[PDB]
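Right, one structure below, let's go through it.
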Amino acid sequence: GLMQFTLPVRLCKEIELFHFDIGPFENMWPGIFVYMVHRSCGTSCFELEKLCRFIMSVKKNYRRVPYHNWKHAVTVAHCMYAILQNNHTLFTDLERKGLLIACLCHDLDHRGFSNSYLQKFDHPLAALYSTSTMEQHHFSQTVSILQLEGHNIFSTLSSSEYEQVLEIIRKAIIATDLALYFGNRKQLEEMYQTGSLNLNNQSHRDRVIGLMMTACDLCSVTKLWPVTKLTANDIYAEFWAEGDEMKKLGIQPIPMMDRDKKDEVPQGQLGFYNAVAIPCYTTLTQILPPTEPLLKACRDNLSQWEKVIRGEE
Ligand SMILES: Cc1nc2ccccc2nc1N1CCCC1
Ligand SMILES: [Mg+2]
Ligand SMILES: [Zn+2]
C-alpha cells in the first residue's frame, strides 16, 4: 500500500491545470489515470492489482476510431479530476470514486457514429435502447467489465454503497447524451437564478453531476488553441465518415457531416461554442466558481475560431 505513482516534474505540475494535454505516449495514460485516482480519492480507494486490470480491460474495449477512443476516455477523466480537485469539500467519497471511473468508461465500445445514424441504419442497439442508445450501451459495457473475475474494483463497498456508486455511474454516463444536456442546463439555470439550487437535494446533485459530465466530455474546446484545433480534425473525421454512411443509406447528411462542405466548419464551430460550450461552462462556473478557467479557455477558443473566419488563420 506504500507504492505511489509519480510523474515527471512537468506532468506533476501541468496535470493539476484544467488545460492539461495527456500527450502522445499511450503507454503513460493508465499511470496518469491511476495517479489522478490516488490524489483525488486515496491510495486505499481501489486494490491496485484490480484497478490496473480494470483499466486495461476498459482500454481494450475502446476502438481505433479517430476521436471516440481511449485517448478521449482519459482526457475526459482528467477534466473531471481537475473539477474534483478545485472543489475539494463539495463531493462525497463515493462520488469521487464513481465519477473518475464513469468518465473513463463513458464512451466504451464507441463505433464513431451518432445515436441518429444507429436509428437510420436500424442498428440492433436502436431496438434495444430507444433513447440515449450508445450511452445505455456504454453503461452496459461498464457493468460487463466490472463483472469479469478479478475486475470488481468496488468489491470492498457495502451492498448499498455499491448500489449507490453504480447509480452515480449510470446517471453520469446517460448525462453524456448531449440531447439531454439542453434541458438539464436550462433547469440548473432556473434553479440557480431563483435561488432554489440545493446541493443536499439528491435530484439537484444529479443535475449538477450531469452538467460536469457535459463539461468534461466537451473539454477539447477548453485546451490551448493548437490542441483544440488539432482535436477538431479527429472530431470532424468521424462526422464526415458518418455523413458518408448517411449518403450510402440514400440520405443527404446535415452539412456538419458532409465532407463536401468543409468550408462551413469555422461557422459550425461558432454556433456550437455559442449554443453548447459557452452556456455549459457559464452555468458550470455559476454553480462551481473554481471551474471558471474552463469558461475562460472556451471563450479564448471562440475568439480563435472568429479569427479563422476573418481569414487571419
Ligand atoms: C460540432 C462539435 N464540435 C465539437 C468540438 C469540440 C468538442 C466536442 C464537439 N462536439 C461537436 N458536436 C457534438 C454533437 C453536435 C456537434
Ligand atoms: Mg458519448
Ligand atoms: Zn465522450
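Residue numbers count from 1 along this sequence.
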Does [X] reach the main-chain N or O of [Y] with its side chain, forming a donor-acceptor pair under 3.5 Å?
X	Y	result
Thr291	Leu288	yes
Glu238	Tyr67	yes
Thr222	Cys219	yes
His137	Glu135	no
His106	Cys103	yes
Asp217	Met213	no
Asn152	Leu148	no

Heavy atoms, side chains only, cut-off 4.5 Å: are [X] and [Y] in contact?
X	Y	result
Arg185	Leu211	yes
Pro293	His19	no
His68	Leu108	no

Scanning both residues in full, the closest heavy-atom pair of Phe54 with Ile101 reads CE2-CG2, 3.8 Å
What closest approach, in Å, do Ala102 and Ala172 show between heavy atoms, and which atom pair accounts for it? CB-CB, 3.8 Å
For the residue pair [X] and [Y], does the interplanar ring angle fall in the parallel (under 30°), tilted (30 to 60°) or perpendicular (over 60°) class?
X	Y	answer
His123	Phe121	tilted
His138	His110	parallel
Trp70	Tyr62	tilted

Would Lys262 pass as a cation-pi partner of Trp240, given that its NZ or CZ must be under 6.0 Å from the six-membered ring centre and within 45 degrees of the axis? yes
Are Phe33 and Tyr81 an aromatic pair, judged by ring center distance below 6.0 Å? no
Mind checking side chain to side chain contact (heavy atoms under 4.5 Å, CB included) for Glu14 and listing every partner two or more places apart, or none if nothing turns up? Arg10, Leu17, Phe20
When you check the gap from the basic side-chain N to the acidic O, do [X] and [Y] get nearer than 4.0 Å?
X	Y	answer
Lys296	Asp300	yes
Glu26	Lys71	no
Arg259	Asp244	yes
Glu189	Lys186	no
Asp109	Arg111	yes
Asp107	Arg63	no

Pairs involving residues 156-208, ordered by first then second residue, that meet ring-ring contact (aromatic ring centres under 6.0 Å, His included) (sequence neighbours left out): none
